[PDB]
Amino acid sequence: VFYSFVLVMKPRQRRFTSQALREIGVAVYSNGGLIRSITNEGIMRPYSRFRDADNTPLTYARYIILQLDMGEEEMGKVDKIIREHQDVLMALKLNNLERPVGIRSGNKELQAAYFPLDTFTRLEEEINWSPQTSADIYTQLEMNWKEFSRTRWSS
Amino acid sequence: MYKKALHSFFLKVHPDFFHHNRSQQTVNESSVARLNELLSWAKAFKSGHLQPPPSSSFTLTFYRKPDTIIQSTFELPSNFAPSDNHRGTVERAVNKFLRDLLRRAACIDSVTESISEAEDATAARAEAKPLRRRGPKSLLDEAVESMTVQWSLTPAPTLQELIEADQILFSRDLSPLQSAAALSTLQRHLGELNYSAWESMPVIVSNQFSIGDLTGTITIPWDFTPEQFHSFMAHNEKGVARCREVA
Amino acid sequence: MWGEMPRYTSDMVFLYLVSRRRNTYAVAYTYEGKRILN
Amino acid sequence: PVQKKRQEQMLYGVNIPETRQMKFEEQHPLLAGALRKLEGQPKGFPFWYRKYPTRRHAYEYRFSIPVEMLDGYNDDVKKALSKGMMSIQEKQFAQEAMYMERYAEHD
Amino acid sequence: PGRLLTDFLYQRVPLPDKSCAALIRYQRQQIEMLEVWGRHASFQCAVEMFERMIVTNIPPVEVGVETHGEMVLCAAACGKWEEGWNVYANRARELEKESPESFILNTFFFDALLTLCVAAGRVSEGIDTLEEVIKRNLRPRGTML
Amino acid sequence: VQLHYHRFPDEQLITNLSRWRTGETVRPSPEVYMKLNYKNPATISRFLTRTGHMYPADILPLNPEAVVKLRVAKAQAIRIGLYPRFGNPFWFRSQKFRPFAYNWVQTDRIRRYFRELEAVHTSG
Amino acid sequence: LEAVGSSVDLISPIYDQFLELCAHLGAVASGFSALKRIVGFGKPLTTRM
Amino acid sequence: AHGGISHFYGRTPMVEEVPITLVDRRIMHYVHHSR
Amino acid sequence: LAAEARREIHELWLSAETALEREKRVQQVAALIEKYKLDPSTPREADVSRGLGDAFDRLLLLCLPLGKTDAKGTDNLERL
Amino acid sequence: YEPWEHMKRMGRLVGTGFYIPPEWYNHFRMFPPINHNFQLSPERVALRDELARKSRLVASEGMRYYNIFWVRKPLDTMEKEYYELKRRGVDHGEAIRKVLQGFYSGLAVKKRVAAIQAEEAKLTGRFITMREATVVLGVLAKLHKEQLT
Amino acid sequence: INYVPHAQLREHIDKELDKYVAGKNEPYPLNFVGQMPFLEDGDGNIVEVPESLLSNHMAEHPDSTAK
Amino acid sequence: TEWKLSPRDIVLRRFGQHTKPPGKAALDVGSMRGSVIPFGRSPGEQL
């Protein structure tokens, strides 16, 4: 993925959240960009939060994942819009996707021994594995699991 | 050297590839067990501790998949003895037998079998007039290592795993003490004599010498001797195979 | 918020004990956030 | 390290060894490759490899991907690999590759 | 240039139209020096400087015809016809009509307009601007022609 | 019925297969590396002992790549709003990693099973 | 041109015009030998060629 | 805010659930080791 | 059916090694292709091609020398 | 302060002709002081890991038959079948696909044999297995202990 | 990779927002962090809170109907 | 593409270029008490 964005936003009404997401998508499309995936992780319970528009230190927020393929000139505009949006409490940008983190710190041999195409072609979920997912699931993908997952409740 | 030829031969003659003919499969199992014993005691001879062969002369029979019957006879020399000269010459004898078996299987090539014959003739010439001298393995060494690492008979199930296998049964006709007598002192040190092909047959203990009353199972009375069990399974071998096939 | 983090109760009183190099302080507060005693 | 970076930037597969497994792939098998059901059936032998000896011959798309390689792919992927998405390093290499094409003695 | 304007305002000097236009022209030189994919940040810096010049009441700072023309030149160099023609040229014209003779449009302003028209590909607007220059009874420039 | 209640029902096919992998007669793991990211507070808490501050004792065996990845993952988690500045929520969870008696309640079930088996035997 | 680099792709029209020139000149051997160059470039043959 | 969830509720480095004299001594020993 | 196709390909290869007409070999390879259904539209099941192995390349090379101008004699190679 | 320096000094002292050499000088000329300077198969392992990973998942979730015994026999037969495919043809992807098919077929047939034998024995009401017998013995012993207490 | 087109923007964001709705039931997919988000009935209405933090949630906000 | 360079700025060292000049190496000339002879005044020395 070119760029990833995690948006922590105040859990406003459905119409307001939809309008904010629509504005973000319209800006991304108008700036000559593409959205790989937009997902809503629901309302969670962060350890600490402090709103900026309402100045209320309360722990209630919603998380959203947005994957983009945009150039730097337009990604600057998109980042500015997202950061200046009143609803976006905290936006974090992952730009360390096409290159593994800290290969230079790791070793000089690994500095030029990586292929960016694999990371670019894979989605953000494969780049950063979720706790519930596993390589067991990945191998179950190519094991013809439909014809095998038939006695999973035989006991 | 002979690695590819031995791999092809074991692929052709391995019993695990013949499920349609259980008789052929068990014949191949017995033949490969005898071959493994032959190679083991030949390696013992080569190392230096010499013991009488289990069978000085015997015929080994194998069956080959289409893509006949391969029977090769191993014979020991008349002057065979635990002497060092016969220790050296039995290696050539077993190499000749193995190369004959491979040639009948058609896996080896004419050039490589001629090379083996040349090596045997060279060793025979050298053992007469003493020489001096100061690497690739032989056919026997390649065969033993391939049998150990790649083409080996699956280990026989132990009674501990047979407990959870749902294959060991005993009825109320006999007491738990009798069942324990039938199990503990008759399976720990007496399971080596039992046939490998028999290992897939569920075992029941009951006061009767019958070939089984359930589907695909056989029963043996408690406090039996291993010789008596061997005699019974030699008396009846077709019924157990047919029952396993129909099950 | 979850896991090993303790889950408080509205009846429990939070006592703060702050020791200094040459002083010490003991204060208490209710769950609502009121000073039980100075 | 600088010479390795320049060599990788100028040439296609210098970092790939004969075993076709980089050191990073050796140490992190999961981050290097993933499982994909669709087989590479359309991808056969590249019959257009004669015209792309070095990266400087293909500065039109990201990662110096030849145009012929994007045939059975969507216009979305084409736009994602178009010129606008090229990074700063990619654009600088495109400029220097244009100049090398203009003033080069051989490939 | 932003730090330059900040230092001038900190020194509290009465920046005239020539000084404001000089600062904007320095910013424009930086813009045209920078690469094509690096013009947006510089243009934003230019508009921030323009806002500061507009809203700084003390010291006396005047935004004149030359400064507006330089902002139009910045917009042309960046490549923003919508942001340049409909905003800064319109603001300059409104200032001229609001203040009689205090915001007269020089040949430089119309040269900037023609530069923007050429950069954006606008031909009708460029012809209209040149015709306006001709009608206002002042000679054009060689660059304008 | 079971003689003993093993830790996992598939332990027989898990532990035996794991032992057999190496072949017998009877530095971060890749999985935790891919798990190591901002959205996995458990993994970073494994290497962060007690308070959020890390310690060089685990750094010494761990690769510098792993160390920098852990640092950036912790920073990103803090910025996104989880895994707070001080203290690791999964401390005792990481402490696991260290960075023929039949019950009377089963006896009744077995007896009911045998009564049903008696009924089945009478039926058949 | 082949020895030096290039980014644009005019190989097919270039060889088509070269084959037309060989047709006008009578260079059947050169026209037939350009087919090997076309094959090496991987371009398909044309009815005009 | 010093009630319920507080400002230092997320910034508390060491938490031990329940005598507490042993806990306090152990925490002081750990702090002494750290410093 | 894979082993049967393998031995059939071996017999066809020995027949082609023996003096045979080019049209005859074209007919033989086309008949084998149609009887074993070596078609791109065949699904994963009953796909003899995936199991042919050496027979696959043998059949691939069996048809080329007899190309001539027959449309079938070209499209059999195209299908393979 | 070196053995070589001492030897050289003694030698050049003797060379003057006015110093009777000690015996150790000639002896160390004969024996000079010691100097300190001037000085399983990886492919088989990978295949076994692949087949184990493809078998454990299908046996744990797909099959849910944790009571499979003598798992070495199906595993070894499947490995030998993989080799047979590798020799009969190219069979890389085809062999990988047939791995799971063959292993699942073997597990299914063994499980069906075990289930039908157990159900037939239970319906007949005879042929109680060893696990059931020993569980009966254990629960009877526990009830005996309870009655004693 | 199934990209998000320009047309299917509202019709995708609405579905993403209603991914977690009480009425739909079904096994709700775990979030990216691997936990259970607060199930919302609609327009920001907390209904279901995880049992691990239910006590803390009730203590912080009393008279809240959640399970 | 474009070269927006300025020789006047390059020569006048606008933006403050720096060259890291040599230090005592150029300045030092040794003692000039006598004449420079081959192998120096004291060829070879033992410490």
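Residues numbered from 1 in each chain as written, not as in the entry; some residues may be left out. Chains lettered and ligands numbered in written order. Part of a larger assembly, values for the part shown. Heavy atoms only, no water.

Q: So what exactly am I meant to see when it comes to the overall build of chain E here?
A: Within chain E one finds 7 helices and 0 strands. For 145 residues, the compact-globule formula gives about 15 Å, and the C-alpha radius of gyration of chain E, at 15 Å, lands near that figure. Taken along the three principal axes of its C-alpha coordinates, chain E extends 45 × 40 × 25 Å. For chain E, the proportion of its 145 residues judged to be buried stands at 43%. For chain E, contacts bridging at least 24 residues in sequence account for 68% of all contacts bridging at least 6. Put simply, chain E shows about 7900 Å² of open surface, and 55% of that area lies on carbon and sulfur atoms. Separation between the mean location of the 16 positive side-chain charges and that of the 20 negative ones in chain E comes to 3 Å. (Helix = DSSP H or I, 4+ residues; strand = E, 2+ residues; numbered from the N terminus. Rg over C-alpha atoms; globule rule 2.2 N^0.38 Å. Buried < 20%, exposed > 50% of the residue type's maximum accessible area, 1.4 Å probe, protein only. Contact = heavy atoms within 4.5 Å. Areas by Shrake-Rupley, 256 points an atom, 1.4 Å probe, with all protein chains shown as cover. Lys, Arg positive; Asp, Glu negative; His and termini not counted. Charge placed at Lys NZ, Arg CZ, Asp CG, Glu CD.)

Q: Can you help me understand empty space enclosed by the protein in this one?
A: Vacant regions in the atomic arrangement are exposed by a probe of water-molecule size rolled over the atoms. Of the pockets and cavities examined, the largest cavity occupies roughly 220 Å³. Taken together, 19 residues form the lining of the largest cavity, with A:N96, A:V101, A:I127, A:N128 and F:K69 sitting closest to its centre. Looking at the lining of the largest cavity element by element, the count peaks at 4 residues for helix α5 (residues 64-80) of chain F. Here the lining of the largest cavity is composed, by residue class, of 12 nonpolar, 5 polar and 2 charged. (1 Å grid on protein atoms, 1.4 Å probe; cavity = no way out; pocket = protein on both sides within 12 Å on 5 of 7 lines; lining within 4 Å. Points joined across faces, edges and corners; volume = space filled by probe spheres on them. Nonpolar A, V, L, I, M, F, W, Y, C, P; charged D, E, K, R; others polar.)

Q: I would appreciate a short explanation of a nonpolar patch on the surface in the present structure.
A: A contiguous nonpolar surface patch, about 380 Å² in accessible area, is contributed by G:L1, G:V4, G:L10 and G:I14. Note that G:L10 resides in the segment before α1 (11-25). (Patch = residues over 30% accessible without salt bridge, like charges linked within 9 Å, V, L, I, M, F, W, Y side chains within 5 Å. Salt bridge = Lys/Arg side-chain N within 4 Å of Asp/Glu carboxyl O.)

Q: Whenever I open this one, the arrangement of the chains confuses me. Can you help?
A: Between chains A and K lies the most contact-rich interface of the 24 pairs of chains that touch. There is a clear gap between chain B and chain C: no contact, and 40 Å between their nearest C-alpha atoms. Across the gap from chain A to chain L, with no contact made, the nearest C-alpha atoms are 18 Å apart.

Q: Even after reading the chapter, I still don't get the sheet that holds strand β4 (residues 88-94) of chain A, so can you show me in this structure?
A: Backbone-to-backbone hydrogen bonds join strands into a sheet, with any given pair of strands oriented parallel or antiparallel. On the basis of which strands lie adjacent, the open sheet formed by 4 strands has the order β2-β3-β1-β4 (chain A) and antiparallel pairing. Edge positions in the sheet fall to β2 (34-44) and β4 of chain A, since each of these pairs with one other strand and no more. In this sheet, adjacent strand axes meet at a mean angle of 15° when their direction is disregarded. Looking at chain direction, strand β1 (residues 3-9) of chain A and strand β3 (residues 61-69) of chain A are connected through 7 bridges and run antiparallel. Bridging from a neighbouring strand, A:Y3 pairs with A:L68 of β3(A). Running at roughly 160° to β2(A), helix α1 (residues 14-30) of chain A makes contact with β1, β2 and β3 of chain A of the sheet. In this fold α5(F) packs onto β1, β3 and β4 of chain A, with an angle of close to 160° to the strand it touches most, β4(A). (Pairing = 2+ DSSP bridges. Axes fitted to C-alpha atoms, helices over the stretch in contact; angles between N-to-C directions.)

Q: I'm lost on the interface of chain A and chain K in this one. Help?
A: Size of an interface: often given as the accessible area lost when the parts come together. Contact with chain A, which involves 31 residues of that partner, is made by 28 residues of chain K. Interface of chain A and chain K: buried area, both sides summed, is about 2900 Å²; carbon and sulfur atoms make up 64% of it. Area buried by chain A at its contact with chain K is led by A:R14, A:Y29 and A:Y60, which between them contribute 22% of it. Run the count over chain A and chain K and you get 1 salt bridge. A salt bridge links A:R14 to K:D18; the shortest N-O distance between them is 3.7 Å. When residues of the side of chain A that touches chain K are traced back to their parent elements, those giving at least two are α1, β2 and β3 of chain A. A per-element tally of the side of chain A that touches chain K places β2(A) first, with 11 residues. Across the side of chain A that touches chain K, the residue classes tally to 13 nonpolar, 11 polar and 7 charged. (Buried area = accessible area lost by both parts, 1.4 Å probe.)

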